[PDB]
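Worksheet: one structure, shown below.
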Amino acid sequence: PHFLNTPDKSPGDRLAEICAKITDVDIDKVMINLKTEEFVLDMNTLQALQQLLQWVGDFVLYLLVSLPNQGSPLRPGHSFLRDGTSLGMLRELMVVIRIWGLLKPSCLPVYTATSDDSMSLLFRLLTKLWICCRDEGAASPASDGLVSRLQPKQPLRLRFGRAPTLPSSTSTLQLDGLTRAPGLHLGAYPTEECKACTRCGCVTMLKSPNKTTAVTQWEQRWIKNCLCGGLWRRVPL
Amino acid sequence: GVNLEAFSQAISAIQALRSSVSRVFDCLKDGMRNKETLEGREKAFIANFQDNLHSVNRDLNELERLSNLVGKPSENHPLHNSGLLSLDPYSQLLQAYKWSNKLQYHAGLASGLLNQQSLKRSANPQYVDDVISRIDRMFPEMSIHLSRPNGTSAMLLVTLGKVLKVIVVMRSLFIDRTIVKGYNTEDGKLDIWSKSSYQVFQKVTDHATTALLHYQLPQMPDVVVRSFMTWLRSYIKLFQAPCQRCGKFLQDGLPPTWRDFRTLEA
């Protein structure tokens, strides 16, 4: 809905979802297949591409790397996501972010450098994983060997916002009024806390002003109730 | 051949440069933690940058040292490593060298430390004297010679650079009864008991008697005489006087602490 687009036959935002029936590799062909004109809404694209769109750019890579390590002492390792619908939404996000990066040079990083087109390879891998996930089919061959190859670009150590629990299992607990008892990416985390840092109920810990210009849509979305964490909380530095 | 110290200093300087670059780029990875009045991180940044500049300057200065690497390919070390392949099946020789150096240094340090031994008390050879005298005379600018005119007494005489010769008597061990005299002597055909001076070498004779009564060790008289001689050698300059001026009195000398200063100040 961020699209301040031009006239269209019916809901130009829905074409990004209808793009499911497309080719596997070379998203450059898929974009010309679907549409390329009415996907530029604001010339000030430098609002969420470098700061916010890095999340998906790292999450696609972390999901691709987690595939050949099923032997890890964890059922999904970190995450599995073998449903397909989420993978399709990821591919649609990749298409629209490719269009964005074509419109403006502030695209998602190659995460270091030297991809000869890192987005092209990432999209090829996404589609190769997505084809045998779509509608009641087996899943992965050459994909397992391709994900094994790591360019001179791949980082790690993603945030992955989690929430501490309260495991008062079955017996008793003894807390105090203070002295806690031991038993999110839009910046929002320098090396040492130096801002408001308005935490939330579970994981968020987002800053209050956010020091931005035109991404206030997320702010208005988060000022009110949240993902069962609407109880936003202020925590000092 | 003092290039080993320069090489160690250069190694330390390069390690310091690497560590300083690492510290700079690790601190730059962290903004102002908690200032609440003004960002004092700029001070730490400037300090780290100045430290990097200091390390670079230290490396540039150490570059001036290390004149040249001589030939002599390891100084007769290659005998079986670079020699016949049968001979080197060799590390035994290098291991022995290193172990001997370590043992020597460790024993020296242990002796110097245990010099303050907890020995409660002592309860329950006119051939080595010439050898000890020659070994002591082997030092430079310390031409001495013993006469032994009367009995087994070693009535030797020393003279370093000046005509301030010292007729230091001995007793075949724990030499005592010294008398210093400058600018002519030996009257008749032997030494003398003159002790004549200009009210300056009298203080020198007093200090020498104090030293002879000071270095009285329980054993090892050779080390005693060697220490006595290296203590006496300090009188070759007479051009220093800390804690006072150069001419606070007529004379100036009392180096038991290896630093001669004006008398009547200790």
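All Cβ positions, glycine included, derive from the backbone under ideal geometry; neighbour counts span all protein chains shown. Please treat every number below as a calculation from the coordinates, not as lab data.
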Matching entry among A:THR204, A:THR165 (being among the β-branched types (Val, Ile, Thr), away from chain B (no Cβ under 14 Å), assigned to a loop (DSSP other than H, G, I, E, B) and under 22 Å from the mean Cα position of the chain (by Cα)): A:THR204
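Kindly establish whether A:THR127 is of a type in the set (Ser, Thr, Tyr) and under 18 Å from A:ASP28 (Cβ atoms). First the steps, then the outcome.
Values: of a type in the set (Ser, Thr, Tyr): yes; under 18 Å from A:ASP28 (Cβ atoms): yes.
Here the answer is yes, as A:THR127 does meet what is asked.
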Single residue of region B:113-144 satisfying the filter (more than 18 Å from the chain's Cα centre (by Cα) and among the polar types (S, T, N, Q)) that is surrounded by the fewest Cβ atoms within 10 Å (Cβ to Cβ): B:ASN124
Of residues in region B:207-224 being among the hydroxyl-bearing types (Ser, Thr, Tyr) and over 10 Å from B:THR178 (Cβ atoms), the one nearest to the chain's Cα centre (by Cα): B:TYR215
Qualifying residue in region B:23-39 (condition: more than 14 Å from every other protein chain (Cβ to nearest Cβ) and surrounded by 11 or more Cβ atoms within 10 Å (Cβ to Cβ)): yes
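Out of all the residues in region B:46-81, which are on the phi > 0 side of the Ramachandran plot and in contact with a helix residue (DSSP H, G or I) (Cβ under 8 Å, 6 or more places away or on another chain)?
The answer is B:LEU66, and nothing else.
For region A:137-155, does any single residue satisfy the condition of being in a loop (DSSP other than H, G, I, E, B), in contact with an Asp or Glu (Cβ under 8 Å, 6 or more places away or on another chain) and under 29 Å from A:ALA188 (Cβ atoms)? Step through it out loud before you land on a result.
Restricting attention to region A:137-155, the residues satisfying the condition of being in a loop (DSSP other than H, G, I, E, B) are A:137-141, A:149-155.
Next, from what is left, pick out any that are in contact with an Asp or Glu (Cβ under 8 Å, 6 or more places away or on another chain): A:155.
Of the ones still in play, those that are also under 29 Å from A:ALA188 (Cβ atoms) are A:155.
Checked region A:137-155: at least one residue is in a loop (DSSP other than H, G, I, E, B), in contact with an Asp or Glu (Cβ under 8 Å, 6 or more places away or on another chain) and under 29 Å from A:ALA188 (Cβ atoms).
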In region B:176-202, residue surrounded by the most Cβ atoms within 10 Å (Cβ to Cβ) [restricted to those that are in contact with a strand residue (DSSP E or B) (Cβ under 6 Å, 6 or more places away or on another chain) and not aromatic (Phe, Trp, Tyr)]: B:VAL180
Top-ranked residue in region A:168-198 [being within 20 Å of A:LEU52 (Cβ to Cβ) and among the hydrophobic types (A, V, I, L, M, F, W, C); ranked as farthest from the other protein chains (Cβ to nearest Cβ)]: A:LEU184
Region A:168-201: number of residues that are basic (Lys, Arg) and part of a loop (DSSP other than H, G, I, E, B): 2
Residue match in region B:192-209 (condition: out of contact with any helix residue (DSSP H, G or I) (no Cβ under 7 Å at 6 or more places or on another chain), part of a loop (DSSP other than H, G, I, E, B) and closer than 18 Å to B:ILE144 by Cα): yes
Unmet criterion (only one of (1) part of a loop (DSSP other than H, G, I, E, B); (2) farther than 24 Å from B:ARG137 by Cα) for B:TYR215: (2)
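Tell me which residues, restricted to region A:207-226, are surrounded by 12 or more Cβ atoms within 10 Å (Cβ to Cβ) and either more than 16 Å from A:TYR189 (Cα to Cα) or within 14 Å of chain B (Cβ to nearest Cβ) (or both).
Those that are surrounded by 12 or more Cβ atoms within 10 Å (Cβ to Cβ) and either more than 16 Å from A:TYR189 (Cα to Cα) or within 14 Å of chain B (Cβ to nearest Cβ) (or both): A:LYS207, A:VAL215, A:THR216, A:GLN217, A:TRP218, A:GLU219, A:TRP222, A:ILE223, A:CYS226.
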Long-range neighbours under 9 Å by Cβ, at least six apart or interchain, first residue on the phi < 0 side of the Ramachandran plot within region A:9-23, second polar (S, T, N, Q) and assigned to a loop (DSSP other than H, G, I, E, B): A:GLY12/A:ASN5; A:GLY12/A:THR6; A:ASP13/A:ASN5
Pair list, Cβ under 9 Å, 6 or more apart: region B:237-248 residue under 22 Å from B:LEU164 (Cβ atoms), other residue assigned to a loop (DSSP other than H, G, I, E, B) and among the aliphatic types (A, V, I, L, M): B:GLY247/B:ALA241; B:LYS248/B:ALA241; B:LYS248/B:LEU264
